[PDB]
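Below: one structure, written as structure tokens.
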Amino acid sequence: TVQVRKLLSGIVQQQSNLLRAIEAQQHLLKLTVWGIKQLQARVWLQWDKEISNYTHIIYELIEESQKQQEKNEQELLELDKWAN
Amino acid sequence: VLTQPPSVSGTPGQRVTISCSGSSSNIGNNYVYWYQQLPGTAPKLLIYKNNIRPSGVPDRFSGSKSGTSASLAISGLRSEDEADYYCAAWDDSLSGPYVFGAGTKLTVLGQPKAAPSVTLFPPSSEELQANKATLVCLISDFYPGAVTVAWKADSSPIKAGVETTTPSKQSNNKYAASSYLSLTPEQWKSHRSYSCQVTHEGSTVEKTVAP
Amino acid sequence: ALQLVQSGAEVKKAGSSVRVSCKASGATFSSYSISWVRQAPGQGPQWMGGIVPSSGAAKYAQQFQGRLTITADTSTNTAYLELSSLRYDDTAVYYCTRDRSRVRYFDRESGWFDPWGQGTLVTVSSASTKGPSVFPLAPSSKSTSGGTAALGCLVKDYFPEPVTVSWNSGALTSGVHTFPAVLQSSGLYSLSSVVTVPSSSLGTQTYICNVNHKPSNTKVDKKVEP
């Protein structure tokens, strides 16, 4: 019960982490579509900054998600240890 | 393979830029990684994947890249930042994957700048009887503690048979480093004059000895 | 969550096998790949090799291919380093660290090493007990032409540390400066101590440096002649 409450909290947090990653990746997708439509008109500097901006947010979230994923996996092994 | 400056100084509060020269095979095609190594401790990741920052590292650290050369900017210097910094990149060349730089010593610089005192001694007369010749170059009192020793034999540089110590701290908060050169007695008497040039923050001091 | 605890800081003779472990604490390195990187004292880091524990895949640098073999055990969560045919230049601090790129482990544009092991000192020297060789250093004619001259003694080839040098029974204290020992390619230590004295005294005063090594029980007295 004590170890479960800590595990549940970790999983909920990890779910928010993945959501933010998906939210941020969607903005990258919109920016890639924007670039394709820009080239389609033929046969921009702020675009490079915006691409860089979101990438920073995504990889910071991935890093945090990797750390959180390992915390959850260790606690689950601990919960299984105390159960048996 | 990656080229780094030996040392860059900076008074508390200044912004310090560490350069990292590389090839088109490593830097000019792939990501640049930076590491901070406090003396004794393992190299911790400071900047990853061109400018992106790990959790915990302060905003004052910033990595940049333009072409085949990358740079690490450290704004607002503190006494915690006095460490060794290494740039890294993945290399396509037949040298091998994951190439690191030489390293840059960063000094917070509390004590004023001191000019290095170089004292060179010729191979001992007692040593010459035992079929051996050793040149002793000794550097005392300099700040910051980073010096590059370049030996010279009649205008020709010497690379092999050279041993150089990491500058050690003195009692008066200064630094001291030693340099040794092992040669055969037949090579010592042949050349006209030997020189021990010591590079310290641009300035080079060379002491000349003659057999 | 993942931390890396290293063990085994030993000394070995040239042409010997050394096993270094990289044990994980706080998490499992399931979907990740631990790599080995060494750093010579004074010099920078250098990539040794890598392995994917979940798969069994292995990659080695061209310098170490053949001699180097690294394996990872998943049941105990421990990665191992092994070097056959040991050379003198191998004397380095050995680190283990994982790349944070799960998808396509090696070569795939990524060398993102975050958690690093504490490190293990691997020394390569066939030295157990060694006696120092003392050589007196004579000052140059250009250095003695001024107002103050510099004398010195050269301590050559000894193991291990430390060595304390005293001048004239222990009378000379002012101007005495002993430099730290240098580690040679053979793995031997060598230091030099210098004392600054006025040039007018060199004609009459005799200067003897006292060198004493504790482990080998060697005491060498050597005089410096102008």
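Labels for the structure tokens follow display order: chains A, B, ..., residues from 1 in each chain, ligands from 1.
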**Report entry** chain C contacts to chain B at 6 Å (only C-alpha atoms) as number ranges by chain
**Finding:** C: 44, 61, 114, 118, 137, 182
If we count only C-alpha atoms, what is near residue 19 in chain C at a cut-off of 8 Å, once residues fewer than 5 positions away on the same chain are taken out, given as a PDB file with N, CA and C atoms, in the first residue's frame?
```
ATOM      1  N   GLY C   8      37.412  -2.739  -8.363  1.00  0.00           N
ATOM      2  CA  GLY C   8      38.651  -3.309  -8.880  1.00  0.00           C
ATOM      3  C   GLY C   8      39.627  -2.248  -9.345  1.00  0.00           C
ATOM      4  N   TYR C  80      31.449  -6.141 -17.773  1.00  0.00           N
ATOM      5  CA  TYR C  80      32.840  -6.469 -17.472  1.00  0.00           C
ATOM      6  C   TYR C  80      33.810  -6.030 -18.566  1.00  0.00           C
ATOM      7  N   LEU C  81      34.998  -5.604 -18.143  1.00  0.00           N
ATOM      8  CA  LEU C  81      36.071  -5.193 -19.045  1.00  0.00           C
ATOM      9  C   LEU C  81      37.268  -6.121 -18.870  1.00  0.00           C
ATOM     10  N   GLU C  82      37.830  -6.588 -19.982  1.00  0.00           N
ATOM     11  CA  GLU C  82      38.989  -7.479 -19.937  1.00  0.00           C
ATOM     12  C   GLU C  82      40.018  -7.125 -21.008  1.00  0.00           C
ATOM     13  N   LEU C  83      41.268  -6.960 -20.579  1.00  0.00           N
ATOM     14  CA  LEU C  83      42.370  -6.637 -21.482  1.00  0.00           C
ATOM     15  C   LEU C  83      43.498  -7.662 -21.421  1.00  0.00           C
TER      16      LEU C  83
END
```
Requested in this report: Find the spatial neighbours of residue 17 in chain A, counting only C-alpha atoms, within a cut-off of 10 Å - ignore same-chain residues fewer than 5 positions away - and output them as a PyMOL selection string.
Outcome: chain A and resi 11-12+22-23+58+61-62+64-66+68
Requested in this report: Using only C-alpha atoms, find the residues of chain C whose closest atom to chain A is at most 8 Å away, then write them as a PyMOL selection string.
Outcome: chain C and resi 1-2+26-28
Based on the selection just made, write C-alpha atoms of those residues as a short mmCIF file (atom, residue, chain, number, x, y, z; two decimals), in the first residue's frame.
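See part30.cif below for the written result:
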```cif
data_model
loop_
_atom_site.label_atom_id
_atom_site.label_comp_id
_atom_site.auth_asym_id
_atom_site.auth_seq_id
_atom_site.Cartn_x
_atom_site.Cartn_y
_atom_site.Cartn_z
CA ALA C 1 17.51 6.68 -11.19
CA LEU C 2 20.35 4.63 -12.71
CA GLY C 26 18.94 2.13 -8.85
CA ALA C 27 17.77 0.75 -12.21
CA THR C 28 18.24 -1.89 -14.92
#
```
Query raised in the report: Given a cut-off of 9 Å, which residues of chain A touch chain B, counting only C-alpha atoms, written out as number ranges by chain?
Result: A: 55-57, 59-60, 63-64
Report task. Name the residues of range 31-100 of chain C that fall into strand (DSSP E) according to DSSP on the backbone, using the chain letters and numbers of this document, as a ChimeraX atom specification. Result -> /C:33-39,45-51,58-60,68-73,78-83,92-99
Report task. Please provide the set of residues having any atom within 12 Å of residue 205 in chain C, restricted to only C-alpha atoms, with same-chain residues fewer than 4 positions apart removed, written as a list in words. Result -> residues 168, 197, 198, 199, 200, 201, 223, 224, 225 and 226 of chain C
Report task. Write out as number ranges by chain each polymer residue whose atoms come within 12 Å of residue 187 in chain B, counting only C-alpha atoms; drop sequence neighbours fewer than 6 positions from it. Result -> B: 123, 128, 131-134, 153-154, 193-194, 211
**Report entry** Contacts of residue 34 in chain A at 12 Å (only C-alpha atoms; same-chain gap of 6+ positions) as a count of residues only
**Finding:** 9
Report task. Take CA of residue 49 in chain A and CA of residue 62 in chain B and report the distance between them in Å, one decimal. Result ->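 Taking CA of residue 49 in chain A as the start and CA of residue 62 in chain B as the end point, the length is 15.2 Å.
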